[PDB]
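Peer 1:
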Amino acid sequence: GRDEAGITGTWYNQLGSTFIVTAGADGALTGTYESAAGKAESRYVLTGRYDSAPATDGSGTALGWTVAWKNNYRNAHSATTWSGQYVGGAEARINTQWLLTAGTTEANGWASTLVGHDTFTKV
Amino acid sequence: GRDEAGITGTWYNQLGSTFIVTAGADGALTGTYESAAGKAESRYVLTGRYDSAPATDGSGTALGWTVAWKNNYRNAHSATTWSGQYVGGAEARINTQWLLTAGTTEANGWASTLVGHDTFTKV
Amino acid sequence: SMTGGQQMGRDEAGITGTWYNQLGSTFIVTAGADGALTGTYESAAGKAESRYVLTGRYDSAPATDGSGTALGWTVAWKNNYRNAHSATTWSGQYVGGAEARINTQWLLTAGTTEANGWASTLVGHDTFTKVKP
Amino acid sequence: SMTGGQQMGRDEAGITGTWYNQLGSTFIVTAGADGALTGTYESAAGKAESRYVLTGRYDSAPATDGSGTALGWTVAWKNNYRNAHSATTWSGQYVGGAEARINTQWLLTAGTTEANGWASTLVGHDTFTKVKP
Ligand SMILES: O=C(CCCC[C@@H]1SC[C@@H]2NC(=O)N[C@@H]21)NC1CCN(c2ccncc2)CC1
Ligand SMILES: O=C(CCCC[C@@H]1SC[C@@H]2NC(=O)N[C@@H]21)NC1CCN(c2ccncc2)CC1
Ligand SMILES: O=C(CCCC[C@@H]1SC[C@@H]2NC(=O)N[C@@H]21)NC1CCN(c2ccncc2)CC1
Ligand SMILES: O=C(CCCC[C@@H]1SC[C@@H]2NC(=O)N[C@@H]21)NC1CCN(c2ccncc2)CC1
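Protein sequences, first through last, are from chains B, B', A and A'. A prime marks a further copy of an entry chain.
Letter by letter, the first sequence follows residues 11 to 133 of the entry's author numbering.
Letter by letter, the second sequence follows residues 11 to 133 of the entry's author numbering.
Letter by letter, the third sequence follows residues 3 to 135 of the entry's author numbering.
Letter by letter, the fourth sequence follows residues 3 to 135 of the entry's author numbering.
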């Protein structure tokens, strides 16, 4: 797998959150996320998908994953999905944008979703 | 599981795309997506997460999932993540916003990501 | 014009007027001949009271292939009654015709400390029509 | 003022000037005393040529707790050289100080047919500084 080895490993973003991921041979992503920010403590299950056969033209590798913010310590009734691309090489990075949706009443639904961007670097 | 039965099943969105999902007992989401739009043909693997213990106060249930747009028929070098909440009842619906990231060169990276909103209804 | 009034572009008359979204917020806009959008916004939701000044831009010469007309506008949520230290931009398109519509997505950013910066921005979607709830 | 010039608010002087994002696009803005944002935009990327009019709004009385100052602005991508039938809104905050910054997210919506409506909108993030590349 071209990027299997490149994607799999331990990453950290600009907040200092940590993203431990394994890129499967079938395109699957699995691992754990630990947020340095928000209503989060310890590690949360993640799962996702990546393009296991990216273009050979210098293109990044598209990928995405979801965390639901429930674990054995806390439940923030929320989920974040990161959508981005892996860029291999010198400085491998995963450049993402994300959508954090909280469970709300219908009167509060208009304000359910935060949006942001995380840049990940490896170890 | 409160919403296990509610979330699991076959959903269709406003474009007529179909979202077949199984809500796991551990918070996992799995299934297949078939897009009525874009560079997509037939079904694509999805995986995601949902809050398996949502608030009892009339709140929706937060959830998210990823499709990488590679299957046996086509590869669009792209991934969509849907971020939203399930709202049970009369009219069960899953109200989402999504981020579609394509693999790009670094000169084209500024325009890598589309954003939209899909509303799903069951069968 | 032939009757003596001024000649309106396309979307000038269509966009200009009073609009309502699914929250029941009120969007009073005047589309300028130069591409300017001006007016007021009254939100039915959130930390908002009375009317807020808005300004924006729209494509005053849109494609003639059936496509909508692109536009956008900003409200900063400060007026003489309230300051929510935040601003919303709507980006969308106008779709003319029988039931005219403005279909938008929006980005609401709040002023924050650097430590709360990751959570500065809300995202959503509003559909506007000229029919009142 | 004491020397005879006009008294600038906070962010009035800080925001007003010439800015550059990581693409090397050029953002020339004047922050009005009334909360108005006006100026021009020259994009180094995409279907754009020369300068585009912009308008927006900013919080002219921001919190005094160290938080940034919220703002937003629209460009419709039509000028006398090019029409990309599309409009970008930036939503973000101004962070004053040693290296002042404007940290934004943006929504670029194109006019589309209803069948291409699902793909109307691009999303991204630009950081602006007053230092040129
Ligand atoms: O704080 C968390 C869980 C931790 C999120 C951490 C985020 S993930 C993207 C970013 N990258 C990181 O590395 N860390 C941050 N969850 C909700 C709870 C309730 N919230 C809302 C929001 C809007 N409406 C209603 C309620 C606010 C956030
Ligand atoms: O079309 C697809 C795959 C099918 C996506 C279907 C989408 S999922 C959200 C929405 N809800 C649905 O039910 N269906 C649609 N993928 C890319 C290919 C290259 N694209 C870009 C975009 C920006 N920059 C570069 C390249 C455009 C889209
Ligand atoms: O509520 C308002 C002002 C009114 C917004 C009304 C919104 S405009 C899009 C939608 N369409 C409408 O018609 N009406 C609603 N402003 C902030 C300030 C504090 N907020 C945050 C969020 C994140 N971090 C820090 C602070 C949350 C909300
Ligand atoms: O390229 C431009 C105009 C220039 C935008 C420049 C952008 S502003 C945010 C970013 N920051 C900058 O400094 N520069 C860039 N416009 C459209 C028209 C056609 N497009 C679509 C997309 C989706 N559906 C249909 C058509 C793609 C691009």
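Just so it is clear, CB atoms sit at the ideal spot from N, CA and C, and this is done for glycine as well.
May I ask you to list the residues that DSSP assigns as paired with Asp128(B)?
Peer 2: Partner(s): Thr106(B).
Peer 1: Could you compute how far the alpha carbon of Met10(A') sits from the alpha carbon of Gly19(A')?
Peer 2: 14 Å
Peer 1: Going by DSSP, which residues form a beta bridge with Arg59(A)?
Peer 2: Listed as beta-bridge partners of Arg59(A) by DSSP are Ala38(A), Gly74(A).
Peer 1: Are three or more beta carbon pairs between the region 78-98 of chain A and the region 127-134 of chain A' nearer than 8 Å?
Peer 2: no
Peer 1: Can you find the residues in the same chain that come closer than 6 Å, C-beta to C-beta, to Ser62(B), ignoring five residues on each side of it along the sequence?
Peer 2: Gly37
Peer 1: Just to check, is the beta-carbon of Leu25(A') closer than 6 Å to a non-hydrogen atom of ligand 4?
Peer 2: yes
Peer 1: Could you tell me if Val133(B') is buried or exposed, where buried requires 16 or more neighbouring beta carbons within 10 angstroms of its beta carbon?
Peer 2: Around the beta carbon of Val133(B'), a 10 Å sphere encloses fewer than 16 other beta carbons of the protein chains shown; the residue is thus reported as exposed.
Peer 1: Name the DSSP bridge partner or partners of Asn23(A)?
Peer 2: DSSP output for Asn23(A) lists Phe130(A) as bridge partner(s).
Peer 1: Apply the 10 Å Cβ neighbour rule to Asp67(B') and answer buried if 16 or more other Cβ atoms are within range, or exposed otherwise.
Peer 2: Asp67(B') should be labelled exposed.
Peer 1: Can you tell me where the beta strand (DSSP E) with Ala89(A) in it begins and where it stops?
Peer 2: 85-97
Peer 1: Just checking my contact of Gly74(B') with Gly58(B') at CB under 8 Å: how many whole Å lie between their CB atoms?
Peer 2: 5 Å
Peer 1: Can you check whether the CB of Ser93(A') is closer than 7 Å to the CB of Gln107(A')?
Peer 2: yes
Peer 1: Taking the alpha helix (DSSP H) that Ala15(A') falls in, what are its first and last residues?
Peer 2: For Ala15(A'), the enclosing alpha helix (DSSP H) stretches over residues 12-17.
Peer 1: Taking all protein chains shown into account, decide if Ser69(B') is buried (16 or more other Cβ within 10 angstroms of its Cβ) or exposed.
Peer 2: buried
Peer 1: Closer than 7 Å between beta carbons: that is the criterion. Which residues of the region 72-101 of chain A' meet it against chain B'?
Peer 2: none
Peer 1: Taking the alpha-carbon of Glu44(A') as reference, which of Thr32(A'), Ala102(A'), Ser27(A') has the nearest alpha-carbon?
Peer 2: From the listed residues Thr32(A'), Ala102(A'), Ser27(A'), the smallest Cα separation to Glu44(A') is found for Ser27(A').
Peer 1: Which residues in chain B' have a C-beta closer than 9 Å to the C-beta of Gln107(A)? List them in chain order.
Peer 2: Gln107, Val125, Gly126, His127
Peer 1: Please list the partners that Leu56(A') has in chain B', where partner means a Cβ-to-Cβ separation under 8 Å.
Peer 2: Contacts between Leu56(A') and chain B', judged by CB atoms closer than 8 Å, are missing: the closest CB pair is about 18 Å apart.
Peer 1: Answer yes or no: does any C-beta atom of chain A' fall closer than 7 Å to that of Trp120(B')?
Peer 2: Cβ-Cβ to chain A' under 7 Å: yes for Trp120(B').
Peer 1: In the region 39-67 of chain B', which residues sit with their C-beta less than 8 Å from some C-beta in chain A', listed in chain order?
Peer 2: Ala47, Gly48
Peer 1: Compare the C-alpha of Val97(B') against each of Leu56(B'), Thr114(B'), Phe29(B'), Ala72(B') and name the closest.
Peer 2: The option with the nearest alpha carbon to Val97(B') is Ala72(B').
Peer 1: Starting from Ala112(B), follow its DSSP beta bridges and name the residues at the other end.
Peer 2: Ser88(B)
Peer 1: For the beta strand (DSSP E) that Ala50(A) lies in, which residues bound it at each end?
Peer 2: First-last for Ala50(A): undefined, no H or E at that position.
Peer 1: Which residues does DSSP pair with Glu44(B') in a beta bridge?
Peer 2: Per DSSP, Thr28(B').
Peer 1: Buried or exposed for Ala15(A'), going by 16 or more other Cβ atoms inside 10 Å?
Peer 2: Exposed is the label assigned to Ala15(A'), since fewer than 16 other Cβ atoms lie within 10 Å of its Cβ.
Peer 1: Are any of the Cβ atoms in chain A nearer than 7 Å to that of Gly16(A')?
Peer 2: Using a CB distance cut-off of 7 Å, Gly16(A') does not count as an interface residue toward chain A.
Peer 1: Please identify the residue among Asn105(A), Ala112(A), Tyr54(A) whose C-alpha is closest to the C-alpha of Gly119(A').
Peer 2: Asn105(A)
Peer 1: According to DSSP, simplified to helix, strand and coil, what is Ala33(B)?
Peer 2: strand
Peer 1: Got a sec? Which residues, its chain only, sit under 6 Å from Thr111(B') by beta carbon, not counting five neighbours each side?
Peer 2: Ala89, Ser122, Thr123
Peer 1: Could you give the C-beta distance for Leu109(A) and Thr91(A'), rounded to a whole number, given that I count them as a contact under 8 Å?
Peer 2: The pair is a contact, with the Cβ atoms about 7 Å apart (cut-off 8 Å).
Peer 1: Go through its chain and collect everything with a Cβ distance to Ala50(A')'s Cβ below 7 Å, but skip five positions before and after it.
Peer 2: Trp79, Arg84, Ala86
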